[PDB]
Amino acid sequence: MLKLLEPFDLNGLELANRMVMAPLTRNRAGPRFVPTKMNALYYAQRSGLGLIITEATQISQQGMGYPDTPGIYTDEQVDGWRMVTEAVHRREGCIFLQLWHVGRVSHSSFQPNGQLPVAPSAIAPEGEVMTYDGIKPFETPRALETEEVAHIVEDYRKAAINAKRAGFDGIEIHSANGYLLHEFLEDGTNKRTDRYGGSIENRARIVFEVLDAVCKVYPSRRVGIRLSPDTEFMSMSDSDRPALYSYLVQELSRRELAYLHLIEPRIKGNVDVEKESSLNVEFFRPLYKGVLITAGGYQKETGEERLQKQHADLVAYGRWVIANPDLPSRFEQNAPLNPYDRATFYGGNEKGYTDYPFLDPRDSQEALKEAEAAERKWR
């Protein structure tokens, strides 16, 4: 009798329930940023979530900023993702690839030919960044030329082509948490004077140019987008977030997208934060007429409330799904939740990744069987 467990129709995609695996960077790609059988197992284990949004996946080496995240810009990478989508689909799951460009949240040691990370404007984020040779201060990034934006937009279009060939049901545009697109959206990071800076509609321009390009590949009802309307993560700031996101969301609503994915302000990227704000999903339900996914800090009870009060249509869980591959079944049965271990969120191997237990061992067996079958299919 939990609305969390009610099947949901996503414009032809028959989701098993109203719960979503939030996108989660795990830094466990194989060589050349290629997904592995072990990654296929991880997603196959979590196929019981109604919808699985993959970890952020860079559209280019220029768009990477952390070790061993997977890409979607080479055929080798596509072939690795094929194991993932095959195993998820053999378990009757649904999976969207999250397309990524870290913008200024990178280091030249990740970049082709030691180039600086690129950004709307040359403003470094505060603090330090993990590199192949340890922690380092951020560099001032290079501000993109006007004629380079169309080239980054085209990288998204090519990424969407590769996502479709890899067998993803859809794609999610990462426009949150301080990365390239979010940097363009906020006037604290966007100081451009050309047609991508200045007015609210110029700073949003790159998001709409990305959406136009990827909707030449997928139908718009298979394209989602993720926003963080009020976060300080990675040095973000903007002088009028209400007017920024109300506009952006109202314009997103007329685009007939798969969904809008909003992060609650009580999350600062990957951690909980003490924070008062009125730019939460309650505020954006009015302005968006499509499918609305709410994310960040939810438990069973608080997620159920959002659905019951119709403040959202779907609820995304991140850290709990890291630790509970069968989170819907645990909610349904009022079962204890495995605690999540932050120490193994990032990097490493099966430990803290595929070795969290199920309520039903046949669930683990079936995920292993499909991961192994998927590897044999796409050897």
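When you see a residue number, it is the position in the sequence shown, counting from 1.
With 90 to 98 and 107 to 115 compared on mean CA B-factor from the PDB entry, the stretch scoring higher is 107 to 115. Averaged over CA atoms, B-factors in the entry run higher in 328 to 336 than in the other of 328 to 336 and 41 to 49.
Based on the entry's C-alpha B-factors, the most elevated value among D75, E274, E172, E154 belongs to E274.
Per the PDB entry, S278 shows the highest C-alpha temperature factor of the residues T294, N177, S278, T140. Among all modelled residues in its chain, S228 ranks in the middle third by Cα B-factor. The entry lists a Cα temperature factor for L287 that places it in the highest third of the chain's modelled residues. In this PDB entry, the Cα temperature factor of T25 sits in the bottom third of its chain's modelled residues, the lowest group. For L257, the recorded CA temperature factor ranks within the highest third of the chain's modelled residues.
Per-chain ranking of the deposited C-alpha B factor places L307 in the middle third.
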